[PDB]
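Asker: Have a look at this one.
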Amino acid sequence: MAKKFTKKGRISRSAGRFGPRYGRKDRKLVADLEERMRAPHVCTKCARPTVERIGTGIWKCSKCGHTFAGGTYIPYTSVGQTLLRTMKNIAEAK
Amino acid sequence: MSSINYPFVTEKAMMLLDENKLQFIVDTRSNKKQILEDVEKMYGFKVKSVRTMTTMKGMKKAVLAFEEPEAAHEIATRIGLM
Amino acid sequence: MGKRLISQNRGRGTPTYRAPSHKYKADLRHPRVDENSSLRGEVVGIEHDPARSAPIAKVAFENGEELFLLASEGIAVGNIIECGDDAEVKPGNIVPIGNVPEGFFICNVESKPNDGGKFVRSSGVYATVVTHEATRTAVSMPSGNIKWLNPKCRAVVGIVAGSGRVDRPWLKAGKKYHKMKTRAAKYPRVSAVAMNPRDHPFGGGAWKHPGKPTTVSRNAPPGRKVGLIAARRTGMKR
Amino acid sequence: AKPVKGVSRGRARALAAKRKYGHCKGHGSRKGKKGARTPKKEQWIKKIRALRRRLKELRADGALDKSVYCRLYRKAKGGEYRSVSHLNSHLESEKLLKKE
Amino acid sequence: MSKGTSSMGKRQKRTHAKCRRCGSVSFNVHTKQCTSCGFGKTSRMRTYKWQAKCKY
Amino acid sequence: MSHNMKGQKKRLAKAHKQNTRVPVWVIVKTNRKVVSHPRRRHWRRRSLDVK
RNA sequence: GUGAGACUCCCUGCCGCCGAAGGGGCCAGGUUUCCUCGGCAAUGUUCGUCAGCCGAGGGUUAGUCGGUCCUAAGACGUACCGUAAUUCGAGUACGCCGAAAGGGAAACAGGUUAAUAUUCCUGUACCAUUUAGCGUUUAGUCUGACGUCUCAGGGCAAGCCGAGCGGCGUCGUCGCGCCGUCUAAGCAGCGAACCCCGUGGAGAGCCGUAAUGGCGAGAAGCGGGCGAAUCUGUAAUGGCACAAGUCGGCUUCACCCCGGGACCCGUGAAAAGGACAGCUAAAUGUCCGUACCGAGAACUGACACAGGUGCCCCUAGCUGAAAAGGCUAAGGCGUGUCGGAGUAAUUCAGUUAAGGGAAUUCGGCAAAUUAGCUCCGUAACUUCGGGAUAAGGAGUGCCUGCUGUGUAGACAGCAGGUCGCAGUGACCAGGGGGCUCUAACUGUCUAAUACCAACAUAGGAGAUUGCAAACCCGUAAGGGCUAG
RNA sequence: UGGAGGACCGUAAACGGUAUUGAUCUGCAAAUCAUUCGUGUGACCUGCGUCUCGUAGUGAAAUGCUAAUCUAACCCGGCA
Ligand SMILES: [Mg+2]
Ligand SMILES: [Mg+2]
Ligand SMILES: [Mg+2]
Ligand SMILES: [Mg+2]
Ligand SMILES: [Mg+2]
Ligand SMILES: [Mg+2]
Ligand SMILES: [Mg+2]
Ligand SMILES: [Mg+2]
Ligand SMILES: [Mg+2]
Ligand SMILES: [Mg+2]
Ligand SMILES: [Mg+2]
Ligand SMILES: [Zn+2]
Ligand SMILES: [Zn+2]
């Protein structure tokens, strides 16, 4: 279903395009960022894992076309989640 | 300030007398409309178009294609080119 | 006259240090609203702003004035934007901070009333409304300063979109080169110790060193105020 | 105007006929990398198009219903078959056609 | 590549055109000013006291 | 094929017709005391100060 | 032959150079160098009857090609304001310019001259504006109008193959080799993908693509609409020795249409113009450029300069991965403008050199070795990406006959025979490895003695500043950073 | 299968200019030629346009470059 994750080759991940350059720390950071960004994201409207990046901070649900502005690499940031749940508590409590 | 100087006669300029055309040396400041109007005033013959060009000697050569037949030969005879 | 610093060249305003102003989408500011007035509008599209490397929302209001807006996080297409004091405290809304409950996050804050938004505009930054008083209101800015602002200073609720942009390491001089193409900044920058003594205060010598203390006074003239300008302290946290 | 003395091509045509038969093409004449003489993506393209066309014709004439045609299509996607002949031999081995 | 005859074959363009007001090839094509008479900068003709010597 | 306007071609025309020798009768009339002028030139030399 | 005068000019033949540039087209630039005639005092690295020279005369024709029009980076003007003052200065408001390679209303084939040609002539067209007749707005949108990489489908120039037909070459024997067998815009018609609409009802899942994918928030299937390049028909008489002039097939780039995907802390221009209400008639379509070179002789470097501008855009057959290199077309040339002579030393650049093989030298400097492709195999160390073409090896031609994949071009493979010292037979084309120092790496650098360990870099850290800020420019008006 | 990379090999495409301390050094050339070399999908090369300049500009920083001129250009003037 996926690539031949070879007996040695699941360390570089997507950052094997950089070859041996740029050191292990920066390659690890960029590989983790690509893994976090490329994962499926459930849309808030249609609730289907279809949200995908279109630009720097722009995300779009492929099914319902719900285009929204989020993080540069992650759609929903934890601070925005904190703000939304704070307003949710304020609306529920009163 | 006449636009017409004189008819232009070379071997190539006399090659168009059979074609009803007649090539003139005109004032370089003039345009096609002024050459057409001044030729029609000077000889009365009607002109169909004007093919103008400026040469490297500092002059302008105009070729007037007439409408009535034999107007080029008539003008050449009246001027004495032929 | 030893040669003027890079800061003096930048202040003179030469093409090397000028921003490519034609590359940017639009100046970001809050819509102009008369006092005791309001306007609604809907998002017609999320675009990309080269000036900030973050999304900006194209908002069509009720008077038909298509105005680019700074995009808070979570704003989408077809959302309704509201302005004025009567506007509900909701993410993406433009309201005075005097109506915002304490503890909320705001961004694109105005220094003065009807300012257009000065503070809290980078990708992901936010401010916290701390306290409410009759003539004042405290907002905890992204730096950390408890700035005191007027109660009528508008601000859009929510954190600025594009959070996490600096999380990715640059990883390559070409990537930062391509970012700095659309910027006003000079890239790359030569270290001052590598310069000759005519060019910088710190240049010259048989070996790379300043030769003088890098902490410069606040009362230094232009062309001398380099290094650590007016430092309270130096070094890592011992 | 004197005649054009164009480059003759009879020896070239003789060599082309021999090459068409399969000769004059050994490893001493191959000078370019295997991948320039024949690209790999074109080989995949022709192979998968032949396999999908054979499966489409089998599903069209009723010899291959949708339940096994879908599996065979995904198998041809996954590279289980080497050619149309290999697909036919596997079909006649595991009997995926609706023989009646 | 050199600074001498190698890079002097790139002189296929102009920086001064023939000025209207004086007929001299001194009209800069970028500043729009003739550097001999000053047409395009002033109504008067540029003339300076250092163009000749002190008369004493 | 440099693309001249009208005045540039007029200036090149005057430069072209300046580049001709003195007539023979001028030399004969002047007792051969006028045999040249400064405007003689060749195209494969110092370029024109025309355009 | 010409000429008084011939290595040097002209014709013929032979032998040659370039042939992905030394050929073809044109920007900037040159400015008549273009073409015909007549000369050789100077120019030409010799002479010269020759000539980009000297002298005389001639040559450039536009509604359709460009400029013109539009706006971009960005200039300039007027006013305000500043300045001792201005021809000086930032900003603002109103204008105006800014691209012969961005946007863009429209023309093609053949002929003609010594030199002009999508311009002149023949044929067949098309575009715009205004005037008149006949009626209407849909008027707010679309187009103009967009980056990089990668790829599918369709078409086509160029190329190639088979049959017939017409000429030329070869013809010691053979029956082959070469050339040609042509047909534009405009007008009329069909329309592949994508998109939209009407039905449809798919899950112990089905439909697809090269690949990603799509689907009850409605897939497959069936219809319909919108819709390309090209193709077909006409233009059908033009040119071809009025000689054939008719056919089939393959391939098709780097050209055109169309669609998909991926990437971005890069988001990849604007405006004029154009479409949606036009149809018919007539007249008008001014001005500028148009020759010629575009470079080992027409530019620039003092020059007929081995540089640079231009390798900026195109370039046929064979070999071959190839536009590499070699050999040939077409085309351009024998002008990278001195000849005879074959007799030393020495010298610039090459070929070969017994036995030894770095003993030379500051130092393997130079030269030599190896070299393509397929297959086997590949170590230390490592940031797990690499090192790696590591290293170390085998095969390779030609002929006879076949097989497999593909729709096809073509690709891959096998059996037997056979020649040579040698089968990537020429051309083409890494020598390899180990241990240290230094810098992480790609990059940048003393144009004209230093391509380095220096500079930059990502990474790390520190400092100032809450924006009427920090920092900086200006005498000021006012500005850069900052559409932050 | 896929087609990422300041990835690799590589041209007499383009750009650069290592070594021969070869040729040349009153040269083809006021720095060029031959062979040998580095980059050659990007911090790339380059046409045209436009802008930044003298105690000033530009500089991946050598006091390099700013018209064969640079630890302060060039022209005229102070200057006999
Ligand atoms: Mg004209
Ligand atoms: Mg100092
Ligand atoms: Mg005086
Ligand atoms: Mg050859
Ligand atoms: Mg001589
Ligand atoms: Mg204009
Ligand atoms: Mg280094
Ligand atoms: Mg360093
Ligand atoms: Mg390379
Ligand atoms: Mg210099
Ligand atoms: Mg002096
Ligand atoms: Zn959704
Ligand atoms: Zn002037």
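Asker: Considering only the stretch F:1-49, state which residues are basic (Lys, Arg) and over 17 Å from the mean Cα position of the chain (by Cα).
Answerer: Of everything in the stretch F:1-49, those that are basic (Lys, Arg) and over 17 Å from the mean Cα position of the chain (by Cα) turn out to be F:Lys6, F:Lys29, F:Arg32, F:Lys33.
Asker: Only one residue in C:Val193, C:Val166, C:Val226 is outside any loop (DSSP other than H, G, I, E, B) and over 30 Å from C:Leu70 (Cα atoms), so which one is that?
Answerer: Testing whether each residue is outside any loop (DSSP other than H, G, I, E, B) and over 30 Å from C:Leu70 (Cα atoms) leaves just C:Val193.
Asker: Right, next: Among the residues of the stretch C:11-53, count how many are within 30 Å of C:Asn196 (Cβ to Cβ), surrounded by 12 or more Cβ atoms within 10 Å (Cβ to Cβ) and more than 19 Å from the chain's Cα centre (by Cα).
Answerer: Going through the stretch C:11-53 one residue at a time, the tally reaches 1.
Asker: Within the stretch E:10-33, how many residues are over 19 Å from F:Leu48 (Cβ atoms) and either in contact with a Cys (Cβ under 7 Å, 6 or more places away or on another chain) or not in a loop (DSSP other than H, G, I, E, B) (or both)?
Answerer: Of the residues in that region, 3 qualify.
Asker: In the stretch A:1-24, how many residues are of a type in the set (D, E, K, R) and either surrounded by 11 or more Cβ atoms within 10 Å (Cβ to Cβ) or within 26 Å of A:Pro75 (Cβ to Cβ) (or both)?
Answerer: Total meeting the criteria: 5.
Asker: If you scan the stretch A:65-81, which residues turn out to be in a helix (DSSP H, G or I) and within 8 Å of another protein chain (Cβ to nearest Cβ)?
Answerer: A:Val79, A:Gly80
Asker: Output the number of residues of chain E satisfying the condition of being more than 16 Å from F:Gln8 (Cα to Cα), of a type outside the set (A, V, I, L, M) and away from ligand 13 (no atom under 16 Å from the Cβ).
Answerer: So the answer is 16.
Asker: For the stretch A:50-64, state whether one or more residues are assigned to a helix (DSSP H, G or I) and touching a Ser or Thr at 6+ places or on another chain (Cβ under 6 Å).
Answerer: Looking for residues that are assigned to a helix (DSSP H, G or I) and touching a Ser or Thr at 6+ places or on another chain (Cβ under 6 Å), one finds none in the stretch A:50-64, hence no.
Asker: What are the residues in the stretch B:56-72 that are within 14 Å of another protein chain (Cβ to nearest Cβ), in contact with a strand residue (DSSP E or B) (Cβ under 7 Å, 6 or more places away or on another chain) and either over 18 Å from B:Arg29 (Cβ atoms) or in a loop (DSSP other than H, G, I, E, B) (or both), if any?
Answerer: If we filter the stretch B:56-72 for residues that are within 14 Å of another protein chain (Cβ to nearest Cβ), which is where we start, we get B:56-61.
From the residues that got through so far, the ones that are in contact with a strand residue (DSSP E or B) (Cβ under 7 Å, 6 or more places away or on another chain) too are B:59-61.
Result: B:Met59, single match.
Asker: Hey, can you tell me all the residues within the stretch B:16-31 that are under 11 Å from the mean Cα position of the chain (by Cα) and of a type outside the set (A, V, I, L, M, F, W, C)?
Answerer: B:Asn20, B:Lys21, B:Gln23 - these are the residues of the stretch B:16-31 that are under 11 Å from the mean Cα position of the chain (by Cα) and of a type outside the set (A, V, I, L, M, F, W, C).
Asker: Next question, about the same structure. Going by the conditions given, is A:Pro40 more than 10 Å from every other protein chain (Cβ to nearest Cβ) and either closer than 19 Å to A:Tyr73 by Cα or touching a helix residue (DSSP H, G or I) at 6+ places or on another chain (Cβ under 7 Å) (or both)?
Answerer: When the stated conditions are applied, A:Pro40 passes them.
Asker: Right, here's the next one. Just one of C:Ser21, C:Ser53 is within 14 Å of chain A (Cβ to nearest Cβ) and of a type outside the set (A, V, I, L, M); which is it?
Answerer: C:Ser53
Asker: Going through E:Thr31, E:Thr15 one at a time, which residue ends up being within 23 Å of F:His3 (Cα to Cα), within 14 Å of another protein chain (Cβ to nearest Cβ) and under 12 Å from the mean Cα position of the chain (by Cα)?
Answerer: Testing whether each residue is within 23 Å of F:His3 (Cα to Cα), within 14 Å of another protein chain (Cβ to nearest Cβ) and under 12 Å from the mean Cα position of the chain (by Cα) leaves just E:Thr15.
Asker: Oh, and also: Restricting to the stretch C:68-88, give me the number of residues that are at the interface with another protein chain (Cβ under 8 Å from one of its Cβ atoms) and surrounded by fewer than 23 Cβ atoms within 10 Å (Cβ to Cβ).
Answerer: So the count comes out to 3.
Asker: Take the residues in the stretch E:37-56 that are part of a loop (DSSP other than H, G, I, E, B) and of a type in the set (D, E, K, R); name whichever of them is farthest from ligand 3 (Cβ to nearest atom).
Answerer: E:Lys41
Asker: Within 8 Å of RNA strand H (Cβ to nearest atom), closer than 22 Å to F:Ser2 by Cβ and in contact with a strand residue (DSSP E or B) (Cβ under 6 Å, 6 or more places away or on another chain), is that true of E:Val25?
Answerer: The answer is no for E:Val25.
Asker: Another question about this same structure. Taking the residues in the stretch C:160-211 that are within 14 Å of chain A (Cβ to nearest Cβ) and hydroxyl-bearing (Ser, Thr, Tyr) as candidates, determine which candidate is farthest from C:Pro55 (Cα to Cα).
Answerer: Step by step, filter the stretch C:160-211, then rank; the result is C:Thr182.
Asker: Next up: What residue, among those in the stretch C:170-210 that are of a type in the set (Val, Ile, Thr) and over 29 Å from A:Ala31 (Cα atoms), is nearest to the chain's Cα centre (by Cα)? Outline the logic, then answer.
Answerer: Just the residues of the stretch C:170-210 that are of a type in the set (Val, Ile, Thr), to begin with: C:182, C:190, C:193.
Add one more test, that the residue is over 29 Å from A:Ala31 (Cα atoms), and what stays is C:190, C:193.
Values: C:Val190: 25, C:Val193: 30 Å.
Ranking the candidates gives C:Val190 first.
Asker: If you don't mind, there's one more thing I want to ask. What's the number of the only condition in (1) at positive phi; (2) in a strand (DSSP E or B) that C:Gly124 fails to meet?
Answerer: (2)
Asker: With (1) more than 9 Å from RNA strand G (Cβ to nearest atom); (2) away from chain A (no Cβ under 13 Å); (3) closer than 30 Å to A:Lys28 by Cβ as the list, and C:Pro151 as the residue in question, which single condition is left unmet?
Answerer: If we test C:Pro151 against (1) more than 9 Å from RNA strand G (Cβ to nearest atom); (2) away from chain A (no Cβ under 13 Å); (3) closer than 30 Å to A:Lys28 by Cβ, just (3) comes out false.
Asker: Applying the selection to the stretch C:196-221, what residues are closer than 22 Å to C:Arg10 by Cβ and within 13 Å of ligand 2 (Cβ to nearest atom)?
Answerer: C:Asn196, C:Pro197, C:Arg198, C:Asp199, C:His200, C:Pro201, C:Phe202, C:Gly203, C:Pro210, C:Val216, C:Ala220, C:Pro221
Virtual Cβ from ideal backbone geometry, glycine too; neighbours counted across all protein chains shown. Values quoted throughout were computed directly from the atomic coordinates according to the rules given, and no laboratory measurement underlies them.
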